[PDB]
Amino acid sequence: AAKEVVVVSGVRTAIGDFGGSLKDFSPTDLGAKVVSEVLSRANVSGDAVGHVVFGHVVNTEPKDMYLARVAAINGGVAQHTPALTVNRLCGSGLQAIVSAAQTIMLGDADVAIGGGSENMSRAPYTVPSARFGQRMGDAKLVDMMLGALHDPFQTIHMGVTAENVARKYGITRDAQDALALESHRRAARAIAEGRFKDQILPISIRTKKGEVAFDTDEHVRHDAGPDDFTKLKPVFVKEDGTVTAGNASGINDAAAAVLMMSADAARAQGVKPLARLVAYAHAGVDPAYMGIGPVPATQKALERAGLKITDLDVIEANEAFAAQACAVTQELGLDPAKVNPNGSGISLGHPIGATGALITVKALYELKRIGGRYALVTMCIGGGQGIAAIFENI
């Protein structure tokens, strides 16, 4: 059978705004930071790591094609450790955790780090005609960030697929704005109560007035009210729109990681862990409706775990767009009070390749906060996919 996977430690950066506090930190710099910190939290030597896997979508510089290896080596992991970068779009961060967990399940490693790192502020433009020349006529610089946010089959923004989902599943503008407002209020309450303090790694952000610690998610609106969202206009369609800048997730910068071990290695070391991995699942859907990806992925994961929706104490289902996040909660029959109890992509931001790892960290720390047992982590995936994993607080 497959070895049991224990999540012993986890950490995330605070999430930076587009062009904001982390704009000068490369994806490999952020990844190295969370690698070194998870090792310290788990009391694991950098020489004792069997595998490193990082999720990451938008290469910002040549180093990023080496992202997992640079994050590992600069995070203090020995050079004998293999390192893999994976890309499943917005599912990449949770995919990294699954792929790292798989090396343990299969006996290839007793210790593995899975994380994600993304700096969208530093996403580049390309010049396709630069290598061999354009000769004559105007050419383009291609926005690789916006390009990543376009479905590659119809060349429509993710936000257009969110309208497709809104229309198909009956998710009104008012429903979307209610979810968005509530996400910000939940995030502001979590910040005010200190719910995120233990799971965040502060970053010193060298300012001209001296160094200051960036340790709070800066996308959150702390005094938001209903009229802030009603006044906004739809951003992705010219007719009959519902998706706005306020009820869509942000574009953001962050990194996060967990350190996992075989259950036997965790017993022998005597660690006091966060959780164990119960099950995971993948699904594919119509690309034009990629936002409901989490529905089949969650149903499959629950089947593998032998659990039911009502067994879930904590659900982190990323708010890519209120339009799809509502449809997911509705189609699954989830209690909105248990779903994203401290906010999600709309209020905290959506650093795409890191999101899936960062919301895993959130989920496991929330289980500890409430003494809960099972958490579900799931998210939708551009191109038409879903990914889901279930963890047990132990």
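Throughout, we count residues from 1 along the sequence that is shown.
Q: Per the entry, where is the mean C-alpha temperature factor higher: 235 to 243 or 272 to 280?
A: Between 272 to 280 and 235 to 243, it is 235 to 243 that shows the higher mean C-alpha B-factor.
Q: In the PDB record, does 297 to 305 or 91 to 99 carry the higher mean Cα temperature factor?
A: Higher mean C-alpha B-factor: 297 to 305.
Q: Looking at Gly107, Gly147, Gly114, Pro124, which has the highest Cα B-factor in the entry?
A: Most elevated C-alpha B-factor of the set, per the entry: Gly107.
Q: Ordered by C-alpha B-factor within the chain, which third holds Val212? Give me lowest, middle or highest, please.
A: It falls in the top third of the chain.
Q: Considering only modelled residues of the same chain, in which third does the CA B-factor of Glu331 rank: lowest, middle or highest?
A: Ranked within chain, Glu331 CA B lands in the highest tercile.
Q: Would the CA B-factor of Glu366 place it in the lowest, middle or highest third of its chain?
A: Middle third, going by the recorded CA B-factors of the chain.
Q: Per the entry's values, where does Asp47 land by CA temperature factor relative to the rest of its chain, in the lowest, middle or highest third?
A: For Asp47, the deposited C-alpha B-factor lands in the highest third.
Q: Among the modelled residues of its chain, does the C-alpha B-factor of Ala130 lie in the lowest, middle or highest third?
A: Ranked within chain, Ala130 CA B lands in the highest tercile.
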